[PDB]
Amino acid sequence: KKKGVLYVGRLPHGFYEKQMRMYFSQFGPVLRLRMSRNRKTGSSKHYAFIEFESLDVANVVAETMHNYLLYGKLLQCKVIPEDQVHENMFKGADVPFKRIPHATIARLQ
Amino acid sequence: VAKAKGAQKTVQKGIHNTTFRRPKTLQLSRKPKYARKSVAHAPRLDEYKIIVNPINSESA
């Protein structure tokens, strides 16, 4: 019914867009997933926002993986209420991020 | 939501989860370290003790 949106923080290096999708899928279907990345080199910002079909499913994860010691990192995930969700946490979600080779294109240019 | 509540919430807490008679149990046999009698006794009733004497009475 109600579109559940979830935040995940303190991402271990590796828990990237595909790894999260193939993990949260068995919890429940995942529609729109984006993971914040550096504008310049596309490096990870180590925090991602995911969406779930229902807040009830969205709150399911928030009470299991919250404070989930992973590779020495305490995963931070909890439901973000819909009042303050913005329009485009998933702008370009599920899309291979474009990292442009700024240096080399400058030398070629 | 039941998809995650069961077997996705509890998998993270463990995926692997007439009358009665005393069972027969292996009953060993004795293997003494010392045989309790050094020399086995010689036979207690042989011919020379069975037949003690003949009777030579008048009826005999």
# chains A, B, ... in the order shown; residues from 1 in each chain; ligands from 1
>>> select_by_dssp(residues="region 8-108 of chain A", states="strand (DSSP E)", output="PyMOL selection string")
chain A and resi 8-9+30-37+44-52+68-70+73-79
>>> residues_around(residues="region 27-36 of chain A", least_positions_apart="5", cutoff="6 Å", atoms="only C-alpha atoms", output="NGL selection string")
(:A and (45 or 48-52 or 90 or 93-94)) or (:B and (4 or 8))
>>> interface_residues(of="chain B", to="chain A", cutoff="10 Å", atoms="only C-alpha atoms", output="ChimeraX atom specification")
/B:1-10,12-13
>>> closest_residue(among="A:13, A:1, A:39, A:18", to="residue 102 (chain A)", atoms="only C-alpha atoms")
A:39
>>> atom_distance(atom1="CA of residue 99 (chain A)", atom2="CA of residue 9 (chain A)")
22.4 Å
>>> select_by_dssp(residues="chain B", states="helix (DSSP H, G or I)", output="NGL selection string")
:B and (2-5 or 11-13 or 47-50)
>>> write_last_selection(atoms="N, CA, C and O atoms", output="PDB file, in the first residue's frame")
ATOM      1  N   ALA B   2       4.506 -10.843   5.474  1.00  0.00           N
ATOM      2  CA  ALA B   2       4.810 -12.143   6.060  1.00  0.00           C
ATOM      3  C   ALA B   2       5.993 -12.813   5.381  1.00  0.00           C
ATOM      4  O   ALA B   2       6.576 -13.743   5.951  1.00  0.00           O
ATOM      5  N   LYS B   3       6.354 -12.372   4.174  1.00  0.00           N
ATOM      6  CA  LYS B   3       7.528 -12.921   3.508  1.00  0.00           C
ATOM      7  C   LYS B   3       8.787 -12.669   4.324  1.00  0.00           C
ATOM      8  O   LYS B   3       9.626 -13.562   4.475  1.00  0.00           O
ATOM      9  N   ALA B   4       8.929 -11.461   4.868  1.00  0.00           N
ATOM     10  CA  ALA B   4      10.103 -11.114   5.657  1.00  0.00           C
ATOM     11  C   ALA B   4       9.949 -11.450   7.133  1.00  0.00           C
ATOM     12  O   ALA B   4      10.947 -11.765   7.791  1.00  0.00           O
ATOM     13  N   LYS B   5       8.724 -11.393   7.663  1.00  0.00           N
ATOM     14  CA  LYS B   5       8.503 -11.677   9.079  1.00  0.00           C
ATOM     15  C   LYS B   5       8.949 -13.087   9.436  1.00  0.00           C
ATOM     16  O   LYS B   5       9.570 -13.306  10.482  1.00  0.00           O
ATOM     17  N   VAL B  11      15.454 -16.266   9.847  1.00  0.00           N
ATOM     18  CA  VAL B  11      16.668 -16.808   9.237  1.00  0.00           C
ATOM     19  C   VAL B  11      17.902 -16.074   9.738  1.00  0.00           C
ATOM     20  O   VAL B  11      18.955 -16.684   9.960  1.00  0.00           O
ATOM     21  N   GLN B  12      17.796 -14.765   9.942  1.00  0.00           N
ATOM     22  CA  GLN B  12      18.915 -14.057  10.543  1.00  0.00           C
ATOM     23  C   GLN B  12      19.102 -14.454  12.006  1.00  0.00           C
ATOM     24  O   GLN B  12      20.122 -14.103  12.610  1.00  0.00           O
ATOM     25  N   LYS B  13      18.160 -15.211  12.573  1.00  0.00           N
ATOM     26  CA  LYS B  13      18.289 -15.841  13.881  1.00  0.00           C
ATOM     27  C   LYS B  13      18.255 -17.366  13.768  1.00  0.00           C
ATOM     28  O   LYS B  13      17.598 -18.049  14.555  1.00  0.00           O
ATOM     29  N   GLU B  47      37.873 -90.843  39.933  1.00  0.00           N
ATOM     30  CA  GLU B  47      37.604 -92.262  40.147  1.00  0.00           C
ATOM     31  C   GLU B  47      38.106 -92.730  41.506  1.00  0.00           C
ATOM     32  O   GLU B  47      37.407 -93.462  42.215  1.00  0.00           O
ATOM     33  N   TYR B  48      39.307 -92.306  41.896  1.00  0.00           N
ATOM     34  CA  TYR B  48      39.921 -92.790  43.123  1.00  0.00           C
ATOM     35  C   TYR B  48      39.245 -92.258  44.376  1.00  0.00           C
ATOM     36  O   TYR B  48      39.561 -92.728  45.473  1.00  0.00           O
ATOM     37  N   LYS B  49      38.339 -91.290  44.244  1.00  0.00           N
ATOM     38  CA  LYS B  49      37.520 -90.854  45.362  1.00  0.00           C
ATOM     39  C   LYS B  49      36.061 -91.250  45.230  1.00  0.00           C
ATOM     40  O   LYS B  49      35.376 -91.365  46.250  1.00  0.00           O
ATOM     41  N   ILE B  50      35.571 -91.468  44.009  1.00  0.00           N
ATOM     42  CA  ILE B  50      34.206 -91.954  43.831  1.00  0.00           C
ATOM     43  C   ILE B  50      34.065 -93.339  44.447  1.00  0.00           C
ATOM     44  O   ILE B  50      33.333 -93.534  45.423  1.00  0.00           O
TER      45      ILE B  50
END
